[PDB]
Amino acid sequence: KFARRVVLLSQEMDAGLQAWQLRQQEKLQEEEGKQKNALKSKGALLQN
Amino acid sequence: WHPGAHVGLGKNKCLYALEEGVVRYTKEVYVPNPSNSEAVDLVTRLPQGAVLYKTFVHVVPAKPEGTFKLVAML
Amino acid sequence: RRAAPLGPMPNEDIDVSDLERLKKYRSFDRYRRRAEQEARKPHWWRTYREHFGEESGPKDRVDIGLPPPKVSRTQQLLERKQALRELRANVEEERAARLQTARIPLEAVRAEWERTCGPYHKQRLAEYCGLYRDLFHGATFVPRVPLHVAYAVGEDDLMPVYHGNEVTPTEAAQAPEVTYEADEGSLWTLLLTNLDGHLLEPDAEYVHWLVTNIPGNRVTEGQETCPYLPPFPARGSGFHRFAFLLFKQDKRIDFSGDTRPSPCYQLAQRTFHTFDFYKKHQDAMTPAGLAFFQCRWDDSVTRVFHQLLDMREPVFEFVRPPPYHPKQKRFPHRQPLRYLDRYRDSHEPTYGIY
Amino acid sequence: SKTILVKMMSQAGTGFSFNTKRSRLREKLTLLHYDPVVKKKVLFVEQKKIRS
Amino acid sequence: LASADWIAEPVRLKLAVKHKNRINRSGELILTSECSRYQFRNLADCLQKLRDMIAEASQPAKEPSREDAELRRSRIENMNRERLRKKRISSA
Amino acid sequence: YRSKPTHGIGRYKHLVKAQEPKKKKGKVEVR
Amino acid sequence: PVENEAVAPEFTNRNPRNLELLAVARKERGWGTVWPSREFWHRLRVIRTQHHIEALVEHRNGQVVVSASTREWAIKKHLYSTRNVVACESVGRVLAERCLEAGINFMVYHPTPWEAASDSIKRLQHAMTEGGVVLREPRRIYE
Amino acid sequence: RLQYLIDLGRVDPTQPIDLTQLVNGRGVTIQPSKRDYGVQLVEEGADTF
Amino acid sequence: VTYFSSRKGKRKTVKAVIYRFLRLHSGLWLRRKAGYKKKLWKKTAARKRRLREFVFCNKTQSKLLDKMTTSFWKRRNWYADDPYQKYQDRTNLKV
RNA sequence: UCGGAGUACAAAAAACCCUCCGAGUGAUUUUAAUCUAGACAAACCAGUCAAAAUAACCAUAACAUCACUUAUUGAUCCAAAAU
Ligand SMILES: [K+]
Ligand SMILES: [Mg+2]
Ligand SMILES: [Mg+2]
Ligand SMILES: [Mg+2]
Ligand SMILES: [Mg+2]
C-alpha cells in the first residue's frame, strides 16, 4: 500500500508540472496569434 | 466606510447593497457636498498639493438587466 | 505588523511643518478641478476604474485610414491670429458683446467644424457606440472625408442622417442619396449594414446596400452589387444601429465574389462579416467616411416581413430575471405571515384526496 | 415646563385621530396632516387633551 | 376578422386599426390568456376580453386618451427628430 | 487597516492646523 | 420548411445604447456622501477657465461623447471674446445642435449652487432648452 | 373524486345523488358534532368532469 | 398542565394558549407582536408597522405549545370564508 | 435600567462594590403615508435598517432637524375613551 502511494504521488506531481508547461506554451502561442490576425496598420504609414 | 457604487446609505449610516453582485473595497478621492458647511470648510483650508482620500464599498453587478426572448412569431 | 507602501503616498510631497507658508485652496471649485485630475491617474492601489470595466485600460489602437492632411502650423498660426485681430478691432462687435446681445452663424460653424475637427469628434462617437468593436474589432479609422446621407420622405422634405441619429423605418423605406466632395480621379465604395438584427447568429450583421466602384461624387453611376432593402428591426428588440461605410480604393477591384441576386430576399444570403470582407480587399480599399443612425420598430416594418421577405413577423419581449428568495426553512422564525406566499407555486387552491 | 398630549380630529369629516405632543403655554394647535382615508392633505385641529 | 359577420362594418375595421398588433399574417385575430389553471376560466377570460374589445370599438364616441411616463419621452424624441426634418431641399 | 500598505491614506488632520475653537470660557486673544 | 423562418429563441443585441434609450439600463445609484451624484446616463460638464469656456457631455464610464468649447478654431473666429456671457450662449447653442446630431436628447446637469445663480450659466441652460436638448433624464423603468 | 366514485361504481348517476348516497359510497365522512353543516362542491376537477 | 384530570382521566388543555395563538395544520403557530397597542404616538412609522404584523414561532416555542394543548386543536378544519384556509398546508418544502 | 470613552491596542463578543462622563427630556417645523424584495442583531421577548410598487405635494417630490444624537424608556392582564 505504501509503494502504490509513492507511485501515485510521484505521477501527480509530474503530471501537474506538465500541465503548467502546456499553459505557458499555450499562452505564448495565443499571443502570436493576435499579432498574426489583425489588419495591416495603414494609419500615418500611408504618407510615410 | 463611505458608500460607493450600487450601495445605499440608511438613516443610521448602515451600508446596504442595491444590486446583486460582488462586494469590492476601494480607496478614492473625497469631494464633499457644497451644502455641507463643515466639510467644505475643511477642504478650503487644505494646501494646494493635498487631496482627501477615503475608503468606499462597491458592488459590481453580476446579473444583467434583462434579456430579449421570443414570445410570439406572427 | 506595519508594511511598506508600494509606491509614493498621495500627500507626502507637501511639508507638514510650516503650514502658514503653503498657500491654501481658498475655493471649492479649485478642489474639484484638482480632485478630478487626481482621480484619473493609474494609482497602485485598487481604484474604481479597475473594477468597473475600463475596457482593458490602455489599448494599442490599430489605425487603418487615410493620413491626416498636411497643414503648416507656422503659416496657420499667423493667419489665425491675423484674422482675429480684424474681428477684435471692430468697435461694433464690442458694442454687442458688452450688452449681451449677439448671435453666431451656427450653419457657418457647422461647415467649419466638419472640415477641422469633425473627423476626430466622429471617431469617439463610433468608439462610444462600439462600431469599431463590431466591425474591425480593435482597429479604428478616422472619418477623414465628410459624408452626407439623406432620405427623401415627402415631396421636398429631407430627413438627414448624422452620426448616432435616430431614423424611423418609414423615412428609410426608399433608398437614400449620398453626397461627398471628391475629384474624378479615384473610386469609392459605399456599404450599409445592420450591425445588430441577425436572427440565427449573434456575431453577424446584415447588408442592406452595397455600391461598388463609384466614379467620384455620382453614386448612381457606380456599379451596383446589393440592392437597397428597408430596415426591418424586430418589434421587441428595438434600436438597431445601421452604419454607412465609405471605402476609398486605388484600382478597379473585382467585387464579383460578393455579388447578390437582383430581387434578393433570402436573409441567409444577406449574412455579412465586415472584418472578413475587409480582410479580402485590405490592400485595395481604405475606410474614409462613416455615418450611422439608430432605428426602432414601426408599422412599416410589418409589410417588409409579409410582402417582401415572405416571413411571419417575430415579436420579442424584454424579460427580467426571476426574483431571488432564500431557502425555505421548516419553522420560519419571526417572519411575517406572507412568508408562505413567496414560495407558493400558484394562487389556485389545490385539494388532495378531497 | 411641561408638554401636553392632544388628540387631533380631521376636519374632512372622516374619523381619523392622531396624537401630538404640544407645549402647555401654547394656544390651540392646528396642523396640516395627511389622512389615508381621503388620500389628500386636510386640515387638522386640536379636539381633546389626553395625557400631560 | 374579415369574415366575422357578427360585428358591424365600422366596428370590424376599428378592431384592425387599434388591435393591428394581434392580427396574424392571414388575418386571424389571436387572443391568449394565462391567468388561471382551469381552462374554463381561461376561456371565460378570453370571451370577456373580446367583449370589451368590441364594446369600446363599437361606440363611435369612445375615444379615450391618457398621459403616461413613456408618452412624455416619446413626444420629446418625436419632437427632436422633427428639428432636423425642417430643412427642405431638392431630394433624390 | 494597519497591516495593509495603504494605511494612513486618509490622513488629513496634519494638513490643516488644529484651529482651536473659541471656547466660551477660554475666549481670549492670546498673542 | 422555410429556410428564411429560422429564428433563435434568444436575441442578443450588442448596441451599447439600446438599454440606455429604453430607460431600462442600470443607473449607478449610491454615493450620497460625495458630490456630484453619479446616478445618470449622460452628464453635462461645464468648465469655466479664465480664458476659455468648455462644455462636455460625459458617460458614466468617464468618456466624453460630444464636446463644444471655445478652444475650437471653428467657434473662435466667430466670437469676440471667449470669456463673456455671450460666449457661454454660443457654447450652449453649438453643443445643443451637436447633441441632436448625436442623438443624445437627455442629460443630467448638477451645477454648483453659486453657479446656478450665475448669469452665464442661467442663460446657458436657456439655450439648451430652446436648443432641443432636455435636462432631467427620464426615470429608470423598474429602478 | 366525484368522477372517481362514479367510474368505480361507488355511486350511480341513474339514481339521484344527495348527501346520504355519498356517505354510503364512502366518499365523504360528516361529523355533525364538530359543527359540520354539510358538503361544499369545489372545482378542482372541473376540466375532466 | 394537567396531564391526568380527576373526572375523566384525559389530558386537559391550557386556555391561555388558545386565546392568543393560532395553529396552522402544518405545525406552524401564529401570534401577534408584543406591544402593538401601547404608546403608539411615541414609536416611529416603521416601528408601528412592524408591531402590527403577524409572526411565526420557532421550533422550541412551537413544540412547547403542542404539549400544552390537547389533540382537539390540531385537527383539520374547513371553515367557511376563512382567511387562513389557504395557509393550512405547506408547499415546495425541500428539507 | 438605558447610552458614550478606557480596561477590551487591529472582525465581533467579553467581567468586577473597576477608572471617568451622561440619560428618565426640551427647542423648532420640514407634522414625517400605505404596502413589500432582501438583511444586520438576537436564548426568548424585544430592537433595528430597506430597494421596487402606490398616494401626497416641484405634477415621473419619503431620512423631520438641533443639543458628544448615541440613551431620553415599561410586557401581559386589566381599566378608561370614539370603535
Ligand atoms: K443581433
Ligand atoms: Mg371530519
Ligand atoms: Mg446573525
Ligand atoms: Mg422608493
Ligand atoms: Mg398575568
# chains A, B, ... in the order shown; residues from 1 in each chain; ligands from 1

call {"tool": "residues_around", "arguments": {"residues": "residue J:6", "least_positions_apart": "3", "cutoff": "12 Å", "atoms": "only C-alpha atoms (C1' of nucleotides)", "output": "PyMOL selection string"}}
result
chain J and resi 9+18-21

call {"tool": "select_by_dssp", "arguments": {"residues": "chain G", "states": "strand (DSSP E or B)", "output": "PyMOL selection string"}}
result
chain G and resi 10-11+30+42-48+53-59+64-69+106-108+134-135

call {"tool": "residues_near_ligand", "arguments": {"ligand": "ligand 4", "cutoff": "8 Å", "atoms": "only C-alpha atoms (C1' of nucleotides) and all ligand atoms", "output": "PyMOL selection string"}}
result
chain J and resi 51-53

call {"tool": "residues_near_ligand", "arguments": {"ligand": "ligand 1", "cutoff": "10 Å", "atoms": "only C-alpha atoms (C1' of nucleotides) and all ligand atoms", "output": "mmCIF file with C-alpha atoms, in the first residue's frame"}}
result
data_model
loop_
_atom_site.group_PDB
_atom_site.id
_atom_site.type_symbol
_atom_site.label_atom_id
_atom_site.label_comp_id
_atom_site.auth_asym_id
_atom_site.auth_seq_id
_atom_site.Cartn_x
_atom_site.Cartn_y
_atom_site.Cartn_z
ATOM 1 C CA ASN C 194 -27.315 46.331 -39.913
ATOM 2 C CA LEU C 195 -24.847 45.674 -37.102
ATOM 3 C CA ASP C 196 -27.442 44.053 -34.827
ATOM 4 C CA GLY C 197 -30.544 42.264 -36.052
ATOM 5 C CA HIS C 198 -29.243 38.955 -37.356
ATOM 6 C CA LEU C 199 -31.572 36.219 -36.141
ATOM 7 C CA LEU C 200 -29.668 32.920 -36.075
ATOM 8 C CA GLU C 201 -26.150 34.278 -35.499
ATOM 9 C CA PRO C 202 -25.429 36.984 -32.896
ATOM 10 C CA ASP C 203 -21.943 37.846 -34.230
ATOM 11 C CA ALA C 204 -23.034 38.515 -37.832
ATOM 12 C CA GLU C 205 -24.603 41.557 -39.473
ATOM 13 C CA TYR C 206 -26.984 42.002 -42.391
ATOM 14 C CA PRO C 233 -35.847 45.758 -36.788
ATOM 15 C CA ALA C 234 -37.757 43.346 -34.598
ATOM 16 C CA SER C 237 -35.724 44.338 -29.510
ATOM 17 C CA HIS C 240 -30.729 48.645 -34.107
ATOM 18 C CA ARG C 241 -27.694 50.516 -35.426
ATOM 19 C CA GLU G 10 -32.862 34.375 -27.573
ATOM 20 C CA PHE G 11 -31.895 37.576 -29.388
ATOM 21 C CA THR G 12 -28.594 39.233 -28.459
ATOM 22 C CA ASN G 13 -28.379 42.995 -29.026
ATOM 23 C CA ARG G 14 -24.831 44.371 -28.981
ATOM 24 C CA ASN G 15 -25.749 48.067 -29.194
#

call {"tool": "residues_around", "arguments": {"residues": "stretch 25-28 of chain D", "least_positions_apart": "5", "cutoff": "10 Å", "atoms": "only C-alpha atoms (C1' of nucleotides)", "output": "short mmCIF file (atom, residue, chain, number, x, y, z; two decimals) with C-alpha atoms, in the first residue's frame"}}
result
data_model
loop_
_atom_site.label_atom_id
_atom_site.label_comp_id
_atom_site.auth_asym_id
_atom_site.auth_seq_id
_atom_site.Cartn_x
_atom_site.Cartn_y
_atom_site.Cartn_z
CA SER D 1 -42.03 73.49 31.50
CA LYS D 2 -44.30 70.51 30.78
CA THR D 3 -45.77 69.45 27.45
CA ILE D 4 -49.31 68.26 26.75
CA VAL D 6 -53.62 66.31 22.50
CA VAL D 45 -57.49 70.81 14.69
CA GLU D 46 -56.97 70.04 18.36
CA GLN D 47 -60.00 68.33 19.90
#

call {"tool": "residues_near_ligand", "arguments": {"ligand": "ligand 5", "cutoff": "12 Å", "atoms": "only C-alpha atoms (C1' of nucleotides) and all ligand atoms", "output": "ChimeraX atom specification"}}
result
/I:16 /J:75-78

call {"tool": "write_last_selection", "arguments": {"atoms": "N, CA, C and O atoms (P, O5', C5', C4', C3', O3' and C1' of nucleotides)", "output": "PDB file, in the first residue's frame"}}
result
ATOM      1  N   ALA I  16     -54.928  29.614  28.151  1.00  0.00           N
ATOM      2  CA  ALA I  16     -54.152  30.811  27.845  1.00  0.00           C
ATOM      3  C   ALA I  16     -53.588  30.758  26.432  1.00  0.00           C
ATOM      4  O   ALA I  16     -53.505  31.787  25.752  1.00  0.00           O
TER       5      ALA I  16
ATOM      6  P     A J  75     -45.247  47.988  27.866  1.00  0.00           P
ATOM      7  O5'   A J  75     -44.875  46.833  26.836  1.00  0.00           O
ATOM      8  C5'   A J  75     -43.776  45.971  27.081  1.00  0.00           C
ATOM      9  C4'   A J  75     -44.211  44.531  27.162  1.00  0.00           C
ATOM     10  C3'   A J  75     -45.704  44.300  27.329  1.00  0.00           C
ATOM     11  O3'   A J  75     -46.418  44.371  26.108  1.00  0.00           O
ATOM     12  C1'   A J  75     -44.539  43.003  28.910  1.00  0.00           C
ATOM     13  P     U J  76     -48.022  44.421  26.117  1.00  0.00           P
ATOM     14  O5'   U J  76     -48.448  42.901  26.303  1.00  0.00           O
ATOM     15  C5'   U J  76     -49.774  42.564  26.672  1.00  0.00           C
ATOM     16  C4'   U J  76     -49.813  41.283  27.462  1.00  0.00           C
ATOM     17  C3'   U J  76     -51.092  41.024  28.237  1.00  0.00           C
ATOM     18  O3'   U J  76     -52.123  40.489  27.428  1.00  0.00           O
ATOM     19  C1'   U J  76     -49.233  40.637  29.637  1.00  0.00           C
ATOM     20  P     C J  77     -53.438  41.358  27.116  1.00  0.00           P
ATOM     21  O5'   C J  77     -54.319  41.195  28.430  1.00  0.00           O
ATOM     22  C5'   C J  77     -54.666  39.907  28.910  1.00  0.00           C
ATOM     23  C4'   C J  77     -54.704  39.869  30.415  1.00  0.00           C
ATOM     24  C3'   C J  77     -55.757  40.740  31.076  1.00  0.00           C
ATOM     25  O3'   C J  77     -57.036  40.131  31.098  1.00  0.00           O
ATOM     26  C1'   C J  77     -53.679  41.047  32.162  1.00  0.00           C
ATOM     27  P     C J  78     -58.312  40.908  30.509  1.00  0.00           P
ATOM     28  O5'   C J  78     -58.497  42.145  31.494  1.00  0.00           O
ATOM     29  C5'   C J  78     -58.752  41.947  32.877  1.00  0.00           C
ATOM     30  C4'   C J  78     -58.363  43.156  33.691  1.00  0.00           C
ATOM     31  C3'   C J  78     -59.106  44.441  33.371  1.00  0.00           C
ATOM     32  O3'   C J  78     -60.379  44.515  33.984  1.00  0.00           O
ATOM     33  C1'   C J  78     -56.792  44.884  33.477  1.00  0.00           C
TER      34        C J  78
END

call {"tool": "interface_residues", "arguments": {"of": "chain E", "to": "chain G", "cutoff": "10 Å", "atoms": "only C-alpha atoms", "output": "list in words"}}
result
residues 69, 70, 72, 73, 76, 77, 79, 80, 81, 83 and 84 of chain E

call {"tool": "residues_near_ligand", "arguments": {"ligand": "ligand 3", "cutoff": "8 Å", "atoms": "only C-alpha atoms (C1' of nucleotides) and all ligand atoms", "output": "PDB file with N, CA, C and O atoms (P, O5', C5', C4', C3', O3' and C1' of nucleotides), in the first residue's frame"}}
result
ATOM      1  P     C J  40     -27.754  38.487   7.918  1.00  0.00           P
ATOM      2  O5'   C J  40     -27.429  39.733   8.851  1.00  0.00           O
ATOM      3  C5'   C J  40     -26.341  40.596   8.557  1.00  0.00           C
ATOM      4  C4'   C J  40     -26.342  41.809   9.452  1.00  0.00           C
ATOM      5  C3'   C J  40     -26.363  41.536  10.947  1.00  0.00           C
ATOM      6  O3'   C J  40     -25.088  41.215  11.472  1.00  0.00           O
ATOM      7  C1'   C J  40     -27.972  43.180  10.431  1.00  0.00           C
ATOM      8  P     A J  41     -24.925  39.992  12.502  1.00  0.00           P
ATOM      9  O5'   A J  41     -25.799  40.425  13.759  1.00  0.00           O
ATOM     10  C5'   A J  41     -25.435  41.544  14.551  1.00  0.00           C
ATOM     11  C4'   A J  41     -26.516  41.889  15.543  1.00  0.00           C
ATOM     12  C3'   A J  41     -26.949  40.766  16.469  1.00  0.00           C
ATOM     13  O3'   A J  41     -26.081  40.598  17.575  1.00  0.00           O
ATOM     14  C1'   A J  41     -28.859  41.801  15.554  1.00  0.00           C
ATOM     15  P     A J  42     -25.602  39.129  18.014  1.00  0.00           P
ATOM     16  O5'   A J  42     -26.833  38.557  18.844  1.00  0.00           O
ATOM     17  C5'   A J  42     -27.342  39.261  19.966  1.00  0.00           C
ATOM     18  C4'   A J  42     -28.775  38.887  20.244  1.00  0.00           C
ATOM     19  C3'   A J  42     -29.023  37.427  20.590  1.00  0.00           C
ATOM     20  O3'   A J  42     -28.771  37.131  21.952  1.00  0.00           O
ATOM     21  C1'   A J  42     -30.556  38.106  18.934  1.00  0.00           C
TER      22        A J  42
END

call {"tool": "residues_near_ligand", "arguments": {"ligand": "ligand 2", "cutoff": "8 Å", "atoms": "only C-alpha atoms (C1' of nucleotides) and all ligand atoms", "output": "VMD selection string"}}
result
(chain H and resid 29 to 31 34 36) or (chain I and resid 76 to 77)

call {"tool": "write_last_selection", "arguments": {"atoms": "N, CA and C atoms", "output": "PDB file, in the first residue's frame"}}
result
ATOM      1  N   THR H  29     -67.045  11.751   4.778  1.00  0.00           N
ATOM      2  CA  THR H  29     -67.489  11.449   6.131  1.00  0.00           C
ATOM      3  C   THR H  29     -67.847  12.750   6.833  1.00  0.00           C
ATOM      4  N   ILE H  30     -69.053  12.810   7.387  1.00  0.00           N
ATOM      5  CA  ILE H  30     -69.580  14.013   8.016  1.00  0.00           C
ATOM      6  C   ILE H  30     -69.724  13.761   9.509  1.00  0.00           C
ATOM      7  N   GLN H  31     -69.161  14.658  10.319  1.00  0.00           N
ATOM      8  CA  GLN H  31     -69.286  14.595  11.772  1.00  0.00           C
ATOM      9  C   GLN H  31     -70.167  15.754  12.218  1.00  0.00           C
ATOM     10  N   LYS H  34     -68.838  18.042  15.250  1.00  0.00           N
ATOM     11  CA  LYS H  34     -67.804  19.049  15.016  1.00  0.00           C
ATOM     12  C   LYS H  34     -68.277  20.177  14.109  1.00  0.00           C
ATOM     13  N   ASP H  36     -70.184  20.536  11.554  1.00  0.00           N
ATOM     14  CA  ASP H  36     -70.185  20.323  10.112  1.00  0.00           C
ATOM     15  C   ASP H  36     -71.612  20.484   9.610  1.00  0.00           C
TER      16      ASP H  36
ATOM     17  N   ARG I  76     -57.982  19.063  11.426  1.00  0.00           N
ATOM     18  CA  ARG I  76     -58.149  19.776  10.168  1.00  0.00           C
ATOM     19  C   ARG I  76     -59.542  20.390  10.132  1.00  0.00           C
ATOM     20  N   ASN I  77     -59.607  21.710   9.998  1.00  0.00           N
ATOM     21  CA  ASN I  77     -60.866  22.436   9.995  1.00  0.00           C
ATOM     22  C   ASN I  77     -61.082  23.093   8.641  1.00  0.00           C
TER      23      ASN I  77
END

call {"tool": "interface_residues", "arguments": {"of": "chain I", "to": "chain J", "cutoff": "10 Å", "atoms": "only C-alpha atoms (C1' of nucleotides)", "output": "list in words"}}
result
residues 33, 34, 35, 38, 44, 45, 47, 58, 60 and 61 of chain I

call {"tool": "write_last_selection", "arguments": {"atoms": "N, CA and C atoms", "output": "compact mmCIF listing (two decimals), in the first residue's frame"}}
result
# COMPACT_ATOMS: atom_id res chain seq x y z
N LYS I 33 -47.34 40.54 17.56
CA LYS I 33 -46.19 41.15 18.19
C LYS I 33 -46.57 41.74 19.55
N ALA I 34 -45.63 41.68 20.48
CA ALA I 34 -45.85 42.23 21.81
C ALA I 34 -45.74 43.75 21.78
N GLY I 35 -46.71 44.43 22.38
CA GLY I 35 -46.68 45.87 22.44
C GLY I 35 -47.21 46.58 21.21
N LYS I 38 -49.54 49.73 22.72
CA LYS I 38 -49.03 50.55 23.81
C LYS I 38 -48.16 51.67 23.26
N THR I 44 -42.05 55.25 15.92
CA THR I 44 -41.96 55.75 14.55
C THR I 44 -42.94 55.00 13.64
N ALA I 45 -43.04 55.48 12.40
CA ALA I 45 -43.95 54.87 11.44
C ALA I 45 -43.53 53.44 11.11
N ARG I 47 -41.71 51.39 13.01
CA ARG I 47 -41.84 50.53 14.18
C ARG I 47 -43.28 50.10 14.40
N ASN I 58 -40.69 29.84 16.54
CA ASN I 58 -39.63 28.90 16.21
C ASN I 58 -39.97 27.50 16.73
N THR I 60 -38.78 25.51 19.18
CA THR I 60 -38.96 25.27 20.61
C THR I 60 -40.31 25.81 21.09
N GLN I 61 -40.68 27.02 20.66
CA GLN I 61 -41.98 27.56 21.03
C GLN I 61 -43.11 26.75 20.42

call {"tool": "residues_around", "arguments": {"residues": "stretch 39-42 of chain G", "least_positions_apart": "5", "cutoff": "6 Å", "atoms": "only C-alpha atoms (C1' of nucleotides)", "output": "PDB file with C-alpha atoms, in the first residue's frame"}}
result
ATOM      1  CA  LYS G  27     -28.140  53.816 -13.068  1.00  0.00           C
ATOM      2  CA  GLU G  28     -25.187  53.879 -10.667  1.00  0.00           C
ATOM      3  CA  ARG G  29     -27.265  54.653  -7.602  1.00  0.00           C
ATOM      4  CA  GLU G  58     -19.822  62.543 -20.431  1.00  0.00           C
ATOM      5  CA  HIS G  59     -20.931  58.951 -19.979  1.00  0.00           C
ATOM      6  CA  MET G 107     -28.684  64.586 -19.827  1.00  0.00           C
TER       7      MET G 107
END

call {"tool": "residues_around", "arguments": {"residues": "residue H:45", "least_positions_apart": "5", "cutoff": "9 Å", "atoms": "only C-alpha atoms (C1' of nucleotides)", "output": "mmCIF file with N, CA and C atoms, in the first residue's frame"}}
result
data_model
loop_
_atom_site.group_PDB
_atom_site.id
_atom_site.type_symbol
_atom_site.label_atom_id
_atom_site.label_comp_id
_atom_site.auth_asym_id
_atom_site.auth_seq_id
_atom_site.Cartn_x
_atom_site.Cartn_y
_atom_site.Cartn_z
ATOM 1 N N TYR E 38 -57.401 26.467 -14.483
ATOM 2 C CA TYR E 38 -58.526 25.790 -15.110
ATOM 3 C C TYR E 38 -58.837 26.437 -16.452
ATOM 4 N N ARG H 1 -62.734 13.606 -7.337
ATOM 5 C CA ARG H 1 -63.209 12.483 -6.537
ATOM 6 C C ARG H 1 -64.615 12.067 -6.951
ATOM 7 N N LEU H 2 -65.456 13.031 -7.330
ATOM 8 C CA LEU H 2 -66.802 12.695 -7.784
ATOM 9 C C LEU H 2 -66.756 11.854 -9.051
ATOM 10 N N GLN H 3 -65.853 12.188 -9.973
ATOM 11 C CA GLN H 3 -65.654 11.349 -11.150
ATOM 12 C C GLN H 3 -65.079 9.991 -10.766
#

call {"tool": "residues_around", "arguments": {"residues": "residue J:70", "least_positions_apart": "4", "cutoff": "12 Å", "atoms": "only C-alpha atoms (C1' of nucleotides)", "output": "VMD selection string"}}
result
(chain B and resid 12) or (chain J and resid 2 to 4 22 to 23)

call {"tool": "write_last_selection", "arguments": {"atoms": "N, CA, C and O atoms (P, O5', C5', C4', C3', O3' and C1' of nucleotides)", "output": "PDB file, in the first residue's frame"}}
result
ATOM      1  N   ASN B  12     -29.296  55.373   9.755  1.00  0.00           N
ATOM      2  CA  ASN B  12     -28.350  55.034  10.810  1.00  0.00           C
ATOM      3  C   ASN B  12     -26.972  54.699  10.255  1.00  0.00           C
ATOM      4  O   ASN B  12     -26.215  53.947  10.879  1.00  0.00           O
TER       5      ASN B  12
ATOM      6  P     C J   2     -29.923  47.716  30.823  1.00  0.00           P
ATOM      7  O5'   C J   2     -30.060  49.112  30.069  1.00  0.00           O
ATOM      8  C5'   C J   2     -31.062  49.311  29.083  1.00  0.00           C
ATOM      9  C4'   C J   2     -30.961  50.679  28.453  1.00  0.00           C
ATOM     10  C3'   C J   2     -29.579  51.095  27.975  1.00  0.00           C
ATOM     11  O3'   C J   2     -29.223  50.545  26.721  1.00  0.00           O
ATOM     12  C1'   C J   2     -30.535  52.857  29.212  1.00  0.00           C
ATOM     13  P     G J   3     -27.680  50.248  26.388  1.00  0.00           P
ATOM     14  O5'   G J   3     -27.072  51.682  26.051  1.00  0.00           O
ATOM     15  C5'   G J   3     -27.465  52.375  24.878  1.00  0.00           C
ATOM     16  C4'   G J   3     -26.814  53.733  24.772  1.00  0.00           C
ATOM     17  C3'   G J   3     -25.298  53.765  24.710  1.00  0.00           C
ATOM     18  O3'   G J   3     -24.782  53.443  23.432  1.00  0.00           O
ATOM     19  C1'   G J   3     -26.065  55.429  26.198  1.00  0.00           C
ATOM     20  P     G J   4     -23.285  52.881  23.285  1.00  0.00           P
ATOM     21  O5'   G J   4     -22.361  54.135  23.620  1.00  0.00           O
ATOM     22  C5'   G J   4     -22.279  55.235  22.729  1.00  0.00           C
ATOM     23  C4'   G J   4     -21.256  56.249  23.178  1.00  0.00           C
ATOM     24  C3'   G J   4     -19.880  55.710  23.526  1.00  0.00           C
ATOM     25  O3'   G J   4     -19.077  55.446  22.389  1.00  0.00           O
ATOM     26  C1'   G J   4     -20.573  57.220  25.197  1.00  0.00           C
ATOM     27  P     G J  22     -21.184  65.258  33.158  1.00  0.00           P
ATOM     28  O5'   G J  22     -22.146  64.013  33.393  1.00  0.00           O
ATOM     29  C5'   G J  22     -23.540  64.115  33.159  1.00  0.00           C
ATOM     30  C4'   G J  22     -23.918  63.527  31.823  1.00  0.00           C
ATOM     31  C3'   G J  22     -25.385  63.168  31.650  1.00  0.00           C
ATOM     32  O3'   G J  22     -26.194  64.281  31.321  1.00  0.00           O
ATOM     33  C1'   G J  22     -24.062  61.354  30.951  1.00  0.00           C
ATOM     34  P     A J  23     -27.603  64.491  32.060  1.00  0.00           P
ATOM     35  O5'   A J  23     -28.541  63.380  31.412  1.00  0.00           O
ATOM     36  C5'   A J  23     -28.848  63.408  30.027  1.00  0.00           C
ATOM     37  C4'   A J  23     -29.746  62.264  29.635  1.00  0.00           C
ATOM     38  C3'   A J  23     -30.966  62.045  30.513  1.00  0.00           C
ATOM     39  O3'   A J  23     -32.034  62.922  30.203  1.00  0.00           O
ATOM     40  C1'   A J  23     -29.893  59.981  30.139  1.00  0.00           C
TER      41        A J  23
END

call {"tool": "select_by_dssp", "arguments": {"residues": "stretch 66-117 of chain G", "states": "helix (DSSP H, G or I)", "output": "PyMOL selection string"}}
result
chain G and resi 73-76+85-102+113-116

call {"tool": "atom_distance", "arguments": {"atom1": "atom CA of residue E:21", "atom2": "atom CA of residue E:35"}}
result
20.7 Å

call {"tool": "closest_atom_pairs", "arguments": {"of": "chain F", "to": "chain B", "cutoff": "12 Å", "atoms": "only C-alpha atoms", "output": "tab-separated table"}}
result
residue	atom	partner	partner_atom	distance
F:1	CA	B:55	CA	10.6
F:6	CA	B:27	CA	8.6
F:7	CA	B:27	CA	10.5
F:8	CA	B:53	CA	9.4
F:9	CA	B:53	CA	6.2
F:10	CA	B:53	CA	4.7
F:11	CA	B:53	CA	7.8
F:12	CA	B:52	CA	6.8
F:13	CA	B:42	CA	9.6
F:14	CA	B:46	CA	9.8
F:15	CA	B:46	CA	6.2
F:16	CA	B:46	CA	5.8
F:17	CA	B:45	CA	8.5
F:18	CA	B:45	CA	11.1
F:19	CA	B:45	CA	10.3
